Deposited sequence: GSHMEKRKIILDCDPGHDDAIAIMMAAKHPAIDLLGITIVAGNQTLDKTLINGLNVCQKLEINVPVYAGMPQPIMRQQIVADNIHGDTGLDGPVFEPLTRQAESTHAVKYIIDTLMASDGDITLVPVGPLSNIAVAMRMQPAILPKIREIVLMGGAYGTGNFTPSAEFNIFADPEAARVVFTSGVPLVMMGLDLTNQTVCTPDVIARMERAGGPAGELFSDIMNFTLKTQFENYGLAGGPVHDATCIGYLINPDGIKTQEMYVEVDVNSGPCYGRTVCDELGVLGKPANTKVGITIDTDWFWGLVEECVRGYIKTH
């Protein structure tokens, strides 16, 4: 079992990642930490809690950074339309996500993996507030970046663009990094038949996936959970990656040295291709785990 903390900004695809992480026997989901991103933190928190309540996921949820570390906040109704939820009974823990991340890593034996699928604000604050966490982190498997074309701008993918300075901290940490960028995640196109596949499986997870993906196309965040379940399903390439924090046309770009021209040691395993038959099989496996 890979122990993980899932840091997210739900978010339609975050919800799918939560669904997969909380159920699969290859994953030990220790906690869910929430960051502002797709929407403001008040909304992403409610969204995360709504998902956990509907799926009866009893993992603690921690609210983190409501704002990026430096830049003016950007966002991408509720932030998770489609599924209708019960009146919210479950709540966030009283501990700040940044403190939770620090304390959990400090008390561990270095076997915990961070899985950020939102802006990297919680992660960067934790890293700079307690640098002793760095050798405690086994790996960081993040959804974010693009070696090719971004989405929010031609240069930048949303998660990085939303907090470039936080991304710079993470990408200069020296912790082993895995980057599921848009180049990879844009390949995981969910089609009506994928939705129809999951509906027939049914249960709480099946309906939620259907409700979410009907409203929404790529699933992005869930690829990080796929990767931790079976890395063989995803081809990566080791690259030296630098985050551009210059104001201007490449603000929040992940500059990926695909050809090794800079002669710098690689710092990231960059997602290249995904076996989508493998991936959807896994999504269904996770969906079927919620039937009582």
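Engineer: Checking coverage: what stretches of the deposited chain sequence are missing C-alpha positions?
Structural biologist: Model skips 1-5, 82-86, 227-238, 315-316 of the deposited chain.
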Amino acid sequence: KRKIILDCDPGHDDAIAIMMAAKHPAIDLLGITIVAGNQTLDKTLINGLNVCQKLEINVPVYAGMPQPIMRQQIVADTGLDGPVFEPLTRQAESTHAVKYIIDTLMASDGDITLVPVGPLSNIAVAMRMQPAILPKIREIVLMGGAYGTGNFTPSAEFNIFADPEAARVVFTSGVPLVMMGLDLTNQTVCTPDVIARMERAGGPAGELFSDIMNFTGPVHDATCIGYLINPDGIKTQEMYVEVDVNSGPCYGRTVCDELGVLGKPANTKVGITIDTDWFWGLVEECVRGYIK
From here on, numbers count along this sequence of modelled residues.
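Engineer: Got a sec? Mean C-alpha B-factor, which is higher, 245-253 or 229-237?
Structural biologist: It is 229-237 that shows the higher mean C-alpha B-factor.
Engineer: So, looking at the entry's B-factor column for Cα atoms, which has the higher mean, 101-109 or 88-96?
Structural biologist: The stretch with the larger mean CA B-factor is 88-96.
Engineer: What's the residue among 117, 127, 184, 212 with the greatest CA temperature factor in the PDB record?
Structural biologist: Answer for 117, 127, 184, 212: 212, with the highest C-alpha B-factor.
Engineer: Which has the highest CA B-factor per the PDB entry: 204, 164, 148, 131?
Structural biologist: The listed residue with the largest C-alpha B-factor is 204.
Engineer: Taking only the Cα B-factors deposited for this chain, tell me whether residue 157 sits in the lowest, middle or highest third.
Structural biologist: It falls in the bottom third of the chain.
Engineer: Report the third (lowest, middle or highest) to which the CA temperature factor of residue 38 belongs, ranking only the modelled residues of the same chain.
Structural biologist: Middle third.
Engineer: Taking the values exactly as deposited, rank residue 180 by C-alpha B-factor within its chain and report the matching third: lowest, middle or highest.
Structural biologist: Middle third - that is where residue 180 ends up once the chain's C-alpha B-factors are sorted.
Engineer: If you rank every modelled residue in this chain by C-alpha B factor, which third holds residue 194: lowest, middle or highest?
Structural biologist: Top third by C-alpha B-factor.
Engineer: Once the chain's modelled residues are ordered by C-alpha B factor and cut into thirds, is residue 76 in the lowest, middle or highest one?
Structural biologist: It falls in the top third of the chain.
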